[PDB]
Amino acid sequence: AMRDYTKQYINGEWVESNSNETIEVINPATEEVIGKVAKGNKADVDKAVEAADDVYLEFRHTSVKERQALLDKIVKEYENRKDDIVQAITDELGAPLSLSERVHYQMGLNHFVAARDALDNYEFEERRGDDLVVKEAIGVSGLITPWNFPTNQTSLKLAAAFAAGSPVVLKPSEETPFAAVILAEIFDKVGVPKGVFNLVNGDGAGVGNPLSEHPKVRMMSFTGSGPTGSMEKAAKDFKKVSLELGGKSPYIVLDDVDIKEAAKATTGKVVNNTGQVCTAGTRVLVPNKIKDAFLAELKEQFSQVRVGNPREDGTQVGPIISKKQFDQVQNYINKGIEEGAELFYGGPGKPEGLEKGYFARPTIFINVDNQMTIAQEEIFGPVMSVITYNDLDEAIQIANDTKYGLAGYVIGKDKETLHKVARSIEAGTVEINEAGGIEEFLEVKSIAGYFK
């Protein structure tokens, strides 16, 4: 049941790419080719950007009620596509079937519902004295989205842009294009106006680069790796840029913790989505006194992690997304071993019986010095680095020495200690004890003397 996706969605219809080349989409679990998309070029981008540019004033000044109605149609049709979306995510990403529906599918639906509902009370116009302040769509927006959560960032940005009235040109990851294609089918069926949504498949060089360079794109929203994030080509055109960051996130374990619970929680942060999450708990800070006991429970917990085929019942962890990505995970593991980090559990290679498909082994390094490569750099795989600490201020100092500011975690009993740690960690998000966007597309204009 091969999928031929090679057409691009531009100006209200599916059209053949200007490029004669295609990109094979691979199932990370079986290594087999499940379909293909266009390997897109500048010509595709230019055609799509022009189509967006032609409609941007029309979309901007579309009434809020009208845009909300469109979002409702999208909500309905998205639900109609539920099984198609779950199957696609499982196939292309390698996510277990249960997580495909309850996490990946649900995320997308939530973003669209939230955007539609926000338009009930959102104020695009405010009177101050004799002056009127308005908020309007920024206009044509480029979107480059990650593979790790193909429905997440994609649905979020599209829902926001549609709510705002900004038309878009989307390049999904060539690694996981299928969910984006379905969204395009959805948009086409509910009839989002011609030019408002455009889908151009391809890679960074063929598509990503020209899109970020296009003079008629007023806004650029990117999600992905650090180097590609470097924003340099959008500084020439002075595009508004939304950064998305990788991270090495510390998980600090207090010495008063229930050890089994800490082991469960930290394992979960590392193992989830095969460890490819930007917020993952890959650096675990443990007290010396409870170190041996914690490691013992940790080893136990890892052995019970279920790594295998996503379509098979019970699978917790699927494969790594791609050969290239799988290789990077292996190299980082090998590098930690070269550094003299003691390998506690797992390590390089594939699990027995899993030799087909890219399957990383959940891996624990212990006695890690924070200056080590596996400590400093983002692996994007199920690799945990355990770092011991004697006192709390030391743990904080370690947790805070990183290039990344993305996320942090702490688990323990004593409240003030938990609060001291949480407040001390410098990150946008800190989570204690496993506790369970439209502005971006808008511009503010003040009209002076409107009323007088």
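One rule holds for the numbers: they count along the sequence shown, beginning at 1.
Going from residue 230 to residue 231, you skip over 1 to 3 residues of the deposited sequence that the entry leaves unmodelled. Going from residue 436 to residue 437, you skip over 10 or more residues of the deposited sequence that the entry leaves unmodelled.
Per the PDB record, of the two stretches 104-112 and 242-250, 242-250 carries the greater mean B-factor over its C-alpha atoms.
Looking at 395-403 and 64-72 together, the entry lists the larger mean B-factor for 395-403, computed on C-alpha atoms. As recorded in the entry, 369 carries the highest CA temperature factor of 185, 369, 77, 117.
In the PDB entry, the Cα temperature factor peaks, among 194, 264, 236, 171, at 236. Among all modelled residues in this chain, the alpha-carbon of residue 44 has a temperature factor (C-alpha) in the lowest third.
Compared with the other modelled residues of the chain, the Cα B-factor recorded for residue 320 ranks in the middle third. Ranked by Cα temperature factor within the chain, residue 358 sits in the highest third according to the deposited record. When all modelled residues of the chain are sorted by CA temperature factor, residue 414 is found within the middle third.
Per the deposited record, the Cα B-factor of residue 345 falls in the lowest third when ranked against the other modelled residues of its chain.
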